[PDB]
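Peer 1: Below you will find the structure I want to go over with you.
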Amino acid sequence: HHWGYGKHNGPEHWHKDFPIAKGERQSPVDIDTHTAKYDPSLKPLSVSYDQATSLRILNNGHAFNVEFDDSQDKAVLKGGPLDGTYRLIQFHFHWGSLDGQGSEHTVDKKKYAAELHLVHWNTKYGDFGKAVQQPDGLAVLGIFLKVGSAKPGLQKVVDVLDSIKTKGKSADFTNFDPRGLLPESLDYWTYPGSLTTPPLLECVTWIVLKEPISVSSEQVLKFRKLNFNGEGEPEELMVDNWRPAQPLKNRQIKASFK
Ligand SMILES: N=C(N)NC(=N)NCc1ccc(S(N)(=O)=O)cc1
Ligand SMILES: [Zn+2]
């Protein structure tokens with residue numbers, strides 16, 4: 001009876017195994033655009049993904065992760081609110097059963113169809129596992145997805161999903177360029193938060209881009225053909241794998257723009 005996104009094991013239950021679920025800096029949050037504070041101390045984001053080395057794509061029963069070689073500074077995030085270098089380890093998405101829901105963060109209470117999370121860890125901590133134990137261990141770049149025109153840089157991801165339909169399946173996924181998932185603008189909001197899944201550790205500097213990317217209906221429909229279940233188990237579509245907005249508490253979200 002492990003955590004997930006059903007009625008019996010979903011977000012409202014997580015606190016029983018992970019009491020930090022009711023902590024002081026949980027994610028995601030609603031971003032009130034009028035109450036976000038423009039912060040002139042914030043720097044432009046530096047996204048350096050030209051040397052990224054994707055390796056594999058995995059259905060882990062919650063989402064699918066596209067994994068990167070994070071043994072060197074090949075794909076790094078710097079600048080913005082950050083004071084170190086953060087290596088890309090994986091990206092994944094959260095999405096809905098319908099286009100009207102799926103994002104984790106919200107903007108003036110609006111839900112997007114999905115949200116991309118590019119997960120990076122602060123190199124001074126040596127490994128991801130050590131970084132998640134630190135208040136500045138991770139930087140997650142969040143990008144909203146809306147349904148409209150196709151995202152050509154997503155299609156390579158979409159097309160491999162049939163090979164990792166069920167929990168525990170992986171497929172080699174080399175030479176994927178994550179630059180093809182970015183919007184035009186790197187304007188962002190930032191705040192201190194948490195992992196949005198168990199163990200819900202309060203280790204993340206969130207950087208949420210203002211400008212969404214557009215994906216096609218057909219692209220997101222392929223996400224919704226994935227399964228939470230393993231092969232040879234009853235089919236449960238992998239949909240609505242998002243945590244809803246959590247209390248802001250003693251935080252003000254900062255804007256890089258205005
Ligand atoms: N490196 C990993 N595979 N990360 C992992 N253990 N899962 C940990 C993890 C990483 C990121 C997020 S999120 N949704 O806050 O971006 C949740 C959980
Ligand atoms: Zn995520």
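Order determines the names: the first chain of the structure tokens is A, the second B, and so forth; residues in each chain are numbered 1 upward, and ligands are numbered 1 upward as they are shown.
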For the contact check between segment 75-123 of chain A and segment 59-62 of chain A, emit one row per residue of segment 75-123 of chain A within 10 Å, containing the shortest atom pair and the distance in Å rounded to one decimal, counting only C-alpha atoms, chain then rising number order, as a Markdown table.

Peer 2:
```
| residue | atom | partner | partner_atom | distance |
| --- | --- | --- | --- | --- |
| A:92 | CA | A:62 | CA | 9.8 |
| A:93 | CA | A:62 | CA | 9.8 |
| A:94 | CA | A:62 | CA | 9.0 |
```

Peer 1: For the structure I just gave you, how does DSSP split segment 35-215 of chain A - specifically, which residues are alpha helix (DSSP H)? Reply as an mmCIF file with N, CA, C and O atoms, in the first residue's frame.

Peer 2:
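Listed below is the output, part_26.cif:
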```
data_model
loop_
_atom_site.group_PDB
_atom_site.id
_atom_site.type_symbol
_atom_site.label_atom_id
_atom_site.label_comp_id
_atom_site.auth_asym_id
_atom_site.auth_seq_id
_atom_site.Cartn_x
_atom_site.Cartn_y
_atom_site.Cartn_z
ATOM 1 N N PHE A 128 23.475 13.342 -6.070
ATOM 2 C CA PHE A 128 22.080 13.673 -5.894
ATOM 3 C C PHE A 128 21.600 13.262 -4.500
ATOM 4 O O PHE A 128 20.874 14.023 -3.864
ATOM 5 N N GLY A 129 21.964 12.069 -4.029
ATOM 6 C CA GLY A 129 21.477 11.573 -2.761
ATOM 7 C C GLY A 129 21.922 12.444 -1.585
ATOM 8 O O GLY A 129 21.200 12.605 -0.606
ATOM 9 N N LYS A 130 23.119 13.024 -1.662
ATOM 10 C CA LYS A 130 23.548 13.946 -0.635
ATOM 11 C C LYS A 130 22.888 15.302 -0.794
ATOM 12 O O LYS A 130 22.527 15.958 0.176
ATOM 13 N N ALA A 131 22.717 15.724 -2.049
ATOM 14 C CA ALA A 131 22.127 17.031 -2.303
ATOM 15 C C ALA A 131 20.700 17.152 -1.764
ATOM 16 O O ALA A 131 20.343 18.204 -1.258
ATOM 17 N N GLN A 155 8.892 15.215 -29.812
ATOM 18 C CA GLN A 155 8.365 14.052 -30.499
ATOM 19 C C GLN A 155 9.229 12.820 -30.280
ATOM 20 O O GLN A 155 8.689 11.744 -30.171
ATOM 21 N N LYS A 156 10.551 12.979 -30.123
ATOM 22 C CA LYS A 156 11.403 11.817 -29.892
ATOM 23 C C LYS A 156 11.014 11.118 -28.571
ATOM 24 O O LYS A 156 11.082 9.914 -28.449
ATOM 25 N N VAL A 157 10.669 11.910 -27.574
ATOM 26 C CA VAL A 157 10.184 11.375 -26.312
ATOM 27 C C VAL A 157 8.872 10.635 -26.542
ATOM 28 O O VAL A 157 8.721 9.477 -26.139
ATOM 29 N N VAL A 158 7.899 11.299 -27.179
ATOM 30 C CA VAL A 158 6.594 10.696 -27.413
ATOM 31 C C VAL A 158 6.715 9.347 -28.101
ATOM 32 O O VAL A 158 6.018 8.398 -27.762
ATOM 33 N N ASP A 159 7.587 9.295 -29.101
ATOM 34 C CA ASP A 159 7.645 8.097 -29.922
ATOM 35 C C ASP A 159 8.247 6.881 -29.226
ATOM 36 O O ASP A 159 8.094 5.785 -29.765
ATOM 37 N N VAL A 160 8.986 7.049 -28.110
ATOM 38 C CA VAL A 160 9.567 5.916 -27.396
ATOM 39 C C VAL A 160 8.633 5.381 -26.299
ATOM 40 O O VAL A 160 8.876 4.346 -25.705
#
```

Peer 1: Neighbouring residues of residue 18 of chain A were defined as those with any atom within 8 Å, considering only C-alpha atoms; residues of the same chain fewer than 2 positions away were excluded. Please report them as a PDB file with N, CA and C atoms, in the first residue's frame.

Peer 2:
```pdb
ATOM      1  N   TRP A  14      -0.246  11.202   1.775  1.00  0.00           N
ATOM      2  CA  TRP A  14       1.200  11.077   1.841  1.00  0.00           C
ATOM      3  C   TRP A  14       1.770  11.418   3.217  1.00  0.00           C
ATOM      4  N   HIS A  15       1.129  12.336   3.924  1.00  0.00           N
ATOM      5  CA  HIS A  15       1.638  12.779   5.213  1.00  0.00           C
ATOM      6  C   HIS A  15       1.756  11.641   6.215  1.00  0.00           C
ATOM      7  N   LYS A  16       1.011  10.560   6.058  1.00  0.00           N
ATOM      8  CA  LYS A  16       1.080   9.484   7.038  1.00  0.00           C
ATOM      9  C   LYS A  16       2.418   8.768   6.971  1.00  0.00           C
ATOM     10  N   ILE A  20       6.705  15.344   6.560  1.00  0.00           N
ATOM     11  CA  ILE A  20       7.151  16.623   6.011  1.00  0.00           C
ATOM     12  C   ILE A  20       6.169  17.129   4.970  1.00  0.00           C
ATOM     13  N   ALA A  21       5.238  16.283   4.523  1.00  0.00           N
ATOM     14  CA  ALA A  21       4.186  16.720   3.616  1.00  0.00           C
ATOM     15  C   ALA A  21       3.457  17.950   4.137  1.00  0.00           C
ATOM     16  N   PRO A 198       6.916  12.071  -2.690  1.00  0.00           N
ATOM     17  CA  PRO A 198       7.723  11.456  -1.640  1.00  0.00           C
ATOM     18  C   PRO A 198       9.148  11.235  -2.112  1.00  0.00           C
ATOM     19  N   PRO A 199      10.161  11.519  -1.299  1.00  0.00           N
ATOM     20  CA  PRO A 199      10.063  11.863   0.125  1.00  0.00           C
ATOM     21  C   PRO A 199       9.789  13.312   0.510  1.00  0.00           C
ATOM     22  N   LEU A 200       9.451  14.175  -0.479  1.00  0.00           N
ATOM     23  CA  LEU A 200       8.930  15.510  -0.189  1.00  0.00           C
ATOM     24  C   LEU A 200       9.958  16.388   0.523  1.00  0.00           C
TER      25      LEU A 200
END
```

Peer 1: Grab me every residue within 7 Å of ligand 1, counting only C-alpha atoms and all ligand atoms, and send it over as a PyMOL selection string.

Peer 2: chain A and resi 89-90+117-119+128+140+194-198

Peer 1: Generate the output file for the selected residues, C-alpha atoms, as a compact mmCIF listing (two decimals), in the first residue's frame.

Peer 2:
```txt
# COMPACT_ATOMS: atom_id res chain seq x y z
CA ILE A 89 20.25 14.45 -13.67
CA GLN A 90 16.81 13.79 -15.20
CA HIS A 117 10.59 19.37 -14.45
CA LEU A 118 14.29 19.51 -15.32
CA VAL A 119 16.00 18.31 -12.13
CA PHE A 128 22.08 13.67 -5.89
CA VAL A 140 14.25 22.32 -10.56
CA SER A 194 10.37 20.81 -1.95
CA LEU A 195 10.26 17.67 -4.02
CA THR A 196 6.62 17.31 -5.18
CA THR A 197 6.65 13.52 -4.64
CA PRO A 198 7.72 11.46 -1.64
```

Peer 1: Just want the 10 Å neighbourhood of segment 32-44 of chain A, counted on only C-alpha atoms, with same-chain residues fewer than 3 positions away dropped. Output as a PyMOL selection string.

Peer 2: chain A and resi 29+47+78-82+106-110+186-191+210+252-258

Peer 1: Pull the strand (DSSP E or B) assignments for segment 87-232 of chain A out of DSSP run on the backbone, and list those residues as a PyMOL selection string.

Peer 2: chain A and resi 87-95+106-107+110+114-122+138-147+170-172+188-193+204-209+213-215+227

Peer 1: Quick one: residues within 10 Å of residue 163 of chain A, only C-alpha atoms, excluding same-chain residues fewer than 5 positions away - as a list in words?

Peer 2: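 Result of the neighbour search: residues 57, 58, 59, 169, 170, 171 and 226 of chain A.
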
Peer 1: Which distance in Å separates atom CA of residue 73 of chain A and atom CA of residue 88 of chain A, to one decimal?

Peer 2: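 Between atom CA of residue 73 of chain A and atom CA of residue 88 of chain A the gap is 8.5 Å.
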
Peer 1: Do you have the atom CA of residue 104 of chain A-atom CA of residue 244 of chain A distance handy?

Peer 2: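 So the two atoms, atom CA of residue 104 of chain A and atom CA of residue 244 of chain A, lie 5.8 Å apart.
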
Peer 1: Give me, as a PyMOL selection string, all polymer residues having an atom no more than 9 Å from residue 177 of chain A, counting only C-alpha atoms and skipping those fewer than 4 positions away in the same chain.

Peer 2: chain A and resi 49-54+153+181

Peer 1: Write the residues you've just listed into a file as an mmCIF file, in the first residue's frame, and include N, CA and C atoms for each of them.

Peer 2:
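Saved as out19.cif:
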```cif
data_model
loop_
_atom_site.group_PDB
_atom_site.id
_atom_site.type_symbol
_atom_site.label_atom_id
_atom_site.label_comp_id
_atom_site.auth_asym_id
_atom_site.auth_seq_id
_atom_site.Cartn_x
_atom_site.Cartn_y
_atom_site.Cartn_z
ATOM 1 N N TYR A 49 23.210 23.439 -21.944
ATOM 2 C CA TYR A 49 22.828 22.075 -22.272
ATOM 3 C C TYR A 49 23.459 21.556 -23.565
ATOM 4 N N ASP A 50 24.331 22.336 -24.219
ATOM 5 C CA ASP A 50 24.950 21.897 -25.470
ATOM 6 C C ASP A 50 25.674 20.535 -25.367
ATOM 7 N N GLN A 51 26.290 20.215 -24.227
ATOM 8 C CA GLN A 51 27.028 18.963 -24.095
ATOM 9 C C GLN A 51 26.225 17.891 -23.356
ATOM 10 N N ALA A 52 24.916 18.058 -23.230
ATOM 11 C CA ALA A 52 24.120 17.078 -22.504
ATOM 12 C C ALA A 52 24.245 15.691 -23.126
ATOM 13 N N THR A 53 24.249 14.692 -22.260
ATOM 14 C CA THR A 53 24.302 13.304 -22.693
ATOM 15 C C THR A 53 23.149 12.574 -22.044
ATOM 16 N N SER A 54 22.051 12.453 -22.776
ATOM 17 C CA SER A 54 20.966 11.619 -22.317
ATOM 18 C C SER A 54 21.382 10.160 -22.436
ATOM 19 N N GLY A 153 10.575 19.235 -30.684
ATOM 20 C CA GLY A 153 11.616 18.670 -29.851
ATOM 21 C C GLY A 153 11.115 17.662 -28.827
ATOM 22 N N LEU A 181 13.104 21.527 -25.595
ATOM 23 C CA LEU A 181 11.938 21.591 -24.731
ATOM 24 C C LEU A 181 11.772 22.971 -24.106
#
```

Peer 1: My list of candidates is A:217, A:97, A:65, A:26. Which is closest to residue 116 of chain A when distances are computed with only C-alpha atoms?

Peer 2: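 Comparing A:217, A:97, A:65, A:26 against residue 116 of chain A, the winner is A:65.
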
Peer 1: Which one is closest to residue 204 of chain A: A:121, A:223, A:228, A:5? Count only C-alpha atoms.

Peer 2: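 Comparing A:121, A:223, A:228, A:5 against residue 204 of chain A, the winner is A:121.
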
Peer 1: Find the residue from A:135, A:28, A:19, A:10 that sits nearest to ligand 2; use only C-alpha atoms and all ligand atoms when measuring.

Peer 2: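 The shortest atom-to-atom distance to ligand 2 comes from A:28.
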
Peer 1: Which is closest to ligand 2 among A:4, A:126, A:152, A:142, if we use only C-alpha atoms and all ligand atoms?

Peer 2: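 The answer is A:142, which sits nearest to ligand 2.
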